[PDB]
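Engineer: I'd like to ask you about the structure that follows.
Cβ sites come from the backbone with ideal geometry, for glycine too, and all protein chains shown count toward neighbours. Nothing in this text is a laboratory measurement; each read-out follows from the coordinates by a stated rule.
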């Protein structure tokens with residue numbers, strides 16, 4: 001990959017010099033990962049830059065820097081120091097030479113800046129953006145965001161705002177920037193045990209990435225296997241992936257397994273949070289069951305443990321977690337990235353609700369929106385459909401000798 005330019009873009013002007021306090025859910029997050037790649041194709045530089053500065057007027061926390069206070073608690077120091085925007089060019093080109101089946105791999109890590117977090121926090125950009133053009137109109141947007149500034153939803157809002165501005169339009173949107181709403185009460189009064197942050201079950205006493213497609217003529221069936229109640233397609237798919245991995249890993253029947261589902265609390269908090277709330281609201285929801293009960297009983301049981309676990313996270317339960325996390329012994333060791341989604345556990349983060357394919361700059365809309373590289377096993381990305389099909393794709397990492405099976409049980413609905 002060749003590089004034409006590298007610019008540290010700061011807001012167009014007039015930005016507050018805040019220091020944003022961060023809510024407990026603004027601190028417990030898996031690392032600074034959350035990378036993303038956007039793939040474009042032809043349709044029917046001097047503008048992408050100024051649109052970023054214009055979009056950094058309302059979203060000034062993105063142009064800030066990471067900082068600790070006197071207690072070591074992480075903050076967002078609104079420096080206005082800027083966001084890194086790179087415009088790359090590839091000689092070899094052929095976007096699908098490059099992306100091929102769009103499955104994540106190390107070559108996607110090259111559509112993204114290198115950046116050393118190990119350095120001092122106050123002097124790396126919280127967000128980096130790369131624009132890599134190809135041979136006949138292929139474009140690639142790489143996004144690398146720090147978790148302590150905003151969640152995925154608030155990050156996609158920015159990319160959409162940036163794209164809406166580059167189109168020659170205007171944002172309409174003012175972000176709500178105040179994390180004191182999710183402040184735990186004084187004193188913390190937990191009402192639940194909160195097994196979400198309990199240690200995961202242990203397996204009873206590098207890798208291969210896999211991208212899998214679910215047509216619409218597959219999701220129909222899952223809705224056909226639904227019974228007292230009747231569950232939804234995503235709840236079936238999720239349990240289907242839970243069921244498949246429990247069989248792909250050859251788990252013993254009496255083993256406890258844990259599914260780490262990220263949950264958006266913006267809508268279930270009373271009173272409801274403001275629109276365009278800028279921050280991290282992602283709460284953890286962990287349904288659990290024995291490995292045998294998932295795979296021996298019908299698929300609607302796997303949704304039963306998933307649905308009843310998500311339906312328990314009401315305003316009384318979410319605010320009880322904020323009080324709960326205030327009492328934890330170490331602030332960021334509940335952060336568990338590299339070996340929590342080990343066997344027999346797993347994690348499923350879904351993007352089937354974020355307006356992902358709304359990043360039209362003028363080159364059309366994305367054909368692809370997905371993660372750059374799979375770090376390790378256990379994390380399932382529920383991709384959204386771009387062609388309006390009603391489809392649903394998933395990307396996944398597993399041990400090299402569990403993927404050949406996992407591919408065989410996923411295809412059988």
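Engineer: For segment 13-66, just say rounded, prolate or oblate: build the C-alpha gyration tensor, square-root its eigenvalues into a ≥ b ≥ c, call rounded for a/c under 1.5, and beyond that prolate if a/b exceeds b/c, oblate if not. Please list the in-between numbers first.
Structural biologist: Details: a/c = 3.62, a/b = 1.35, b/c = 2.68.
Oblate, since a/c reaches 1.5 and b/c is not below a/b.
Engineer: Would you calculate the volume per residue, in Å³, of the smallest convex hull containing every Cα atom of segment 2-158?
Structural biologist: On the way: hull volume 20.3 nm³, N = 157.
Normalising the Cα hull of segment 2-158 by residue number yields 129 Å³.
Engineer: When 1/r is averaged over all different Cα pairs and the result inverted, which Kirkwood radius in Å belongs to the chain? Could you put the intermediate results ahead of the total?
Structural biologist: Values: mean 1/r = 0.0447 Å⁻¹.
About 22.4 Å, per the Kirkwood formula over Cα pairs.
Engineer: Per DSSP H run of at least 4 residues, take -39500 (n - 2.57); add these up for the chain, divide by its residues and hand me the 222 nm value, nearest 500 deg cm²/dmol.
Structural biologist: So the calculated ellipticity at 222 nm is -6500 deg cm²/dmol.
Engineer: Among DSSP bridges having both ends in segment 49-175, what percentage is antiparallel? Round to the nearest 5.
Structural biologist: 65
Engineer: Still on this structure, I have one more. So what is the relative contact order of segment 345-413, in percent, for Cα pairs below 8 Å that sit 6 or more residues apart? List each step's numbers first, then the result.
Structural biologist: Numbers: 82 pairs, mean separation 20.7, N = 69.
Value for segment 345-413: 30 percent.
Engineer: I'd like the distance separating the alpha-carbon centroids of segment 331-390 and segment 224-257, in whole Å.
Structural biologist: Value for the Cα centre distance between the two parts: 20 Å.
Engineer: Quick check on the exposure proxy: order 403, 369 from fewest to most C-beta atoms within 10 angstrom.
Structural biologist: On the way: 403 18, 369 24.
Going from least to most buried by this count: 403, 369.
Engineer: Taking a ≥ b ≥ c as the square roots of the eigenvalues of the Cα gyration tensor of segment 204-413, is the shape rounded (a/c under 1.5), prolate (a/b larger than b/c) or oblate?
Structural biologist: It comes out rounded by the Cα gyration axes.
Engineer: Next question. Quick one: of the DSSP bridges fully inside the chain, what percent are antiparallel, nearest 5? Don't jump to the answer; show the numbers that get you there.
Structural biologist: Values: 46 of 60 bridges.
Here the antiparallel bridges make up roughly 75 percent for the chain.
Engineer: When each pair of different Cα atoms in segment 112-220 is counted once in the 1/r mean, what is the Kirkwood radius in angstroms, to one decimal?
Structural biologist: 19.8
Engineer: Give me 161, 349 ranked fewest to most by other Cβ atoms within 10 Å of their Cβ, as a rough exposure proxy.
Structural biologist: Arranged by neighbour count, lowest to highest, 161, 349 become 349, 161.
Engineer: Over the alpha carbons of segment 221-341, what is the largest minus smallest coordinate on each principal axis, giving the biggest first in Å?
Structural biologist: 41, 32, 22
Engineer: Another question, then. So what is the relative contact order of segment 94-170, in percent, for Cα pairs below 8 Å that sit 6 or more residues apart?
Structural biologist: Averaging sequence separation for qualifying contacts and normalising by length gives 25 percent for segment 94-170.
Engineer: Considering Cα pairs under 8 angstrom that are at least six residues apart, work out the relative contact order of segment 253-349 and quote it in whole percent.
Structural biologist: About 41 percent, as a whole number.
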